[PDB]
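Here is the structure we will look at, set down as structure tokens.
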Amino acid sequence: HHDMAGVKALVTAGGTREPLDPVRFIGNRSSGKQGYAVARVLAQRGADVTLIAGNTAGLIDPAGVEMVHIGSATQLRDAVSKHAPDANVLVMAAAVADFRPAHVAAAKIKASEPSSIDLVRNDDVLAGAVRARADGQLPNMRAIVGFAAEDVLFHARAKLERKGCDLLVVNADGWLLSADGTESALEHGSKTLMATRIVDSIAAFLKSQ
Amino acid sequence: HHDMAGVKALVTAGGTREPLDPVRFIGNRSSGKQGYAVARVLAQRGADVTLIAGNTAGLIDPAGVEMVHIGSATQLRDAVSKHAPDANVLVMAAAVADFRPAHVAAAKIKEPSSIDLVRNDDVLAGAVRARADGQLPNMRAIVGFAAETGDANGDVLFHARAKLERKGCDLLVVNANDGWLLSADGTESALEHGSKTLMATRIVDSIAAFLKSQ
Ligand SMILES: Nc1ccn([C@@H]2O[C@H](COP(=O)(O)OP(=O)(O)OP(=O)(O)O)[C@@H](O)[C@H]2O)c(=O)n1
Ligand SMILES: Nc1ccn([C@@H]2O[C@H](COP(=O)(O)OP(=O)(O)OP(=O)(O)O)[C@@H](O)[C@H]2O)c(=O)n1
Ligand SMILES: O=C(O)C(=O)c1cn(-c2ccc(O)cc2)c2ccc(-c3ccccc3)cc12
Ligand SMILES: O=C(O)C(=O)c1cn(-c2ccc(O)cc2)c2ccc(-c3ccccc3)cc12
Ligand SMILES: [Ca+2]
Ligand SMILES: [Ca+2]
């Protein structure tokens, strides 16, 4: 029915774009459609949803959802730090870029030997939240959900353990891993059907607390 | 009303994406909207339009336009080499990536090594040379695009004119009034801002004009 009534949820979706200069960047192919699906299903089940959106300009804003638009992985981090204290549930569906150019040209780049692009690591927003909650800075946080693309279960359970989040959605082959040792598989169906299985898992996790 | 009837037009639009692995890539912010609008305005005036499209702002295939979807700059070059002998008009509105990664992983990449790069071919320049070398007998108009600005190395117009001269195309459509239509005869025409549809009309009108002089 409306099991997420009154629940404050913060969702990230899409891929980030790390500028090389004002027009070029490093991007990824994540559509963010799956992240929009969870936000939509959450708003559909009563949650007060805020959505931070990356490279998703051609998607429809989900109904009833407060939209936050970002560009790079660092802008996403700032937006998460800004909105996370108000959330009871955080869903990190963005394909956040793992690295960024070490230098950003303030102008568009233009004849002999090609340059290489030095890289620097971007901050792990999901770990930083897991740490903030463990440091008592996120008293409202009842659920932190991560995503992973990957024996997948070997990599998946190891990644769930390293992130320290409450649930890991891997391949969304597709599985719902709980820190409780629960393993469920995600029947590869529609993005709506998988967004229902995730929120089913979230509402379920919230009740055990 | 149908001035491009019987004209075979080959159009490129959008930005290319140069893969590092299956999920990451190097791209640019090109929407493809002006390139699609020219393809649309060409087909509506009777042309047999083929549109080679890379990354766009989520644009819809125009009706009555033959679509070819490409990813990287090398795939765009191959697609243009394949279709150019049949085209009478080439409109290179795509932002073709000048470089691509030296190595592509077939799987994703879990300290980091920098990204080595290798240059991509200049697809528009190769078309100008092929026609000047007689390999494109049907090609009557070659059109390039440029987004230029004024900097410590020269005013926008200087950069724009230099780009027309180095490329050697018949027309250079320059954005920066919105921009310029520079012809290979030394003709220069401001591009008045309008919708992408209206500006596509001033462009095709310029192309039709050049084709009449040709
Ligand atoms: N800088 C980053 C990178 C990832 N994540 C989040 O952590 C999960 C990681 O996804 P994954 O693709 O596995 O990224 P990595 O943890 O870096 O793993 P790998 O590089 O091996 O793919 C996702 O929820 C993503 O939103 C994040 O918050 N900040
Ligand atoms: N590898 C490339 C690069 C550019 N172009 C084409 O050439 C025209 C001019 O693009 P532009 O990038 O403006 O020319 P460059 O010489 O790459 O510009 P710059 O030297 O300013 O970077 C465009 O129509 C584009 O489609 C191309 O065909 N192949
Ligand atoms: O030099 C040029 O004329 C030139 O176009 C480029 C130079 N870089 C570049 C070199 C080294 C580096 O560290 C950072 C950047 C480019 C990067 C990307 C693109 C591109 C990609 C996709 C679509 C369109 C354009 C084009 C260029
Ligand atoms: O079709 C589009 O709108 C698009 O994406 C464009 C990509 N380039 C482009 C960018 C860099 C480059 O090196 C090569 C090509 C453009 C250049 C000019 C214009 C344009 C021209 C006239 C009026 C309005 C816009 C539009 C594009
Ligand atoms: Ca990653
Ligand atoms: Ca260029």
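The table below gives the values:
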quantity	calculated
Förster-model FRET efficiency, 22 Å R0, residue B:75 and residue B:130, C-beta, rounded to 0.05	0.75
Computed magnitude of the charge dipole of chain A (debye, nearest 20; Cβ of K, R +1, Cβ of D, E -1)	340 debye
Antiparallel bridge percentage (DSSP; both residues within chain B; nearest 5)	40 percent
Packing rank of B:29-37, A:201-209, where each peptide gets the mean count of other beta carbons within 10 Å, highest leading	B:29-37, A:201-209
Exceeding the 26 Å Cα-Cα cut-off - candidates B:33/B:110; B:163/B:196; A:108/B:212; A:82/B:33; B:167/B:196	B:33/B:110; A:108/B:212; A:82/B:33
Computed magnitude of the charge dipole of the protein assembly as shown (debye, nearest 20; Cβ of K, R +1, Cβ of D, E -1)	240 debye
Cα gyration tensor shape of region A:137-209, rounded if a/c is under 1.5, else prolate or oblate by comparing a/b with b/c	oblate
With eigenvalues of the C-alpha gyration tensor scaled by 5 and rooted, chain A, Å	30, 19, 17
Sorted by Cβ neighbour density within 10 Å, fewest at the top, the residues A:67, A:194	A:67, A:194
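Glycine gets a Cβ as well: all are built from the backbone with ideal geometry, and neighbour counts include every protein chain shown. Read the figures in this text as sums done on the coordinates, not as results from a lab.
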